[PDB]
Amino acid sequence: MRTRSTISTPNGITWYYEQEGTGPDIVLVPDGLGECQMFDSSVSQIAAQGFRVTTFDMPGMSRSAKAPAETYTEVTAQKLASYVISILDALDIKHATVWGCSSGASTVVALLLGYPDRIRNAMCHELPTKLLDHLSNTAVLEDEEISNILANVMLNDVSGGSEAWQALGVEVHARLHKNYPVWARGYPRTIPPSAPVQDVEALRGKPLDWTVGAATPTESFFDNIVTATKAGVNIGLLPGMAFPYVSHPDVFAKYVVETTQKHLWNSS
């Protein structure tokens, strides 16, 4: 039942993408690691509730690595938003519900403010608004040190379930190995200052549902909870940390289905 293919956009990207189901469109935008295999279990469960679910590897990452250096260096929310609009255009998806975590969160808030005709509703999780010294310092190391550093962060620190992280399998971890240096050089220095949450009055009234990981240290996304509350945006918790779609895929799929159904009710 699942389409696994490639499609080329006039910005020079050859995207790897996957697609399952029929009904209203839901688009799962990956985190900075740009790896859409992490959504595998959830794509099926969500599509089974009467939706067409699309996801993709992000430009320069995993199977979407045939792309111009412009698409994976000095990356901003506003760039990533324009690239997602290009693949939606190429797949004839006119109106979409969107999910994003981390740099994906910045992207989906950028899609909702920048292309409101295209976005039914956005789900953002743990939107990075602060430069982090220790992530930025990795950008200057050698490829194999970055990979060994960030691989152990993901496994031991921020996976929110190391068993489920490992069970992604050898083939996934070999793609992630290659993505770590690309991400370290292109993302942590430029993503946070691009965060589209400078203007709280721009967020008020929009179809946005904001989450943070229940197990994440409070300091990491404290700023997200303050901004959502000041803007009157629905803000809540998912289990786990930065990868609820890996650590708790059934709770993640249920959240995406119920949030989308609530906005289909309020459309009508």
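Numbering starts at 1 and runs along the sequence shown.
Comparing 209 to 217 with 61 to 69, where is the mean C-alpha B-factor higher? Taking the mean C-alpha B-factor of 209 to 217 and of 61 to 69, the larger value falls to 61 to 69.
Per the PDB record, is the mean Cα temperature factor higher over 151 to 159 or over 82 to 90? Stretch with the greater average CA B-factor: 151 to 159.
Select one of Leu127, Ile191, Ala174, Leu111: the residue whose C-alpha shows the highest B-factor in the crystal structure entry. That would be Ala174, according to the entry.
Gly21 by Cα B-factor - lowest, middle or highest third of the modelled chain: It falls in the middle third of the chain.
Relative C-alpha B-factor of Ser102, binned into the chain's lowest, middle or highest third: Middle third, going by the recorded CA B-factors of the chain.
Can you tell me which third, lowest, middle or highest, the CA B-factor of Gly186 falls into for its chain? Lowest third, going by the recorded CA B-factors of the chain.
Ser8 - Cα temperature factor, lowest/middle/highest third of chain: Tercile = highest for this residue's CA B-factor.
Select lowest, middle or highest to describe the third in which the CA B-factor of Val200 falls within its chain in this entry. According to the entry, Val200 has a C-alpha B-factor in the chain's highest third.
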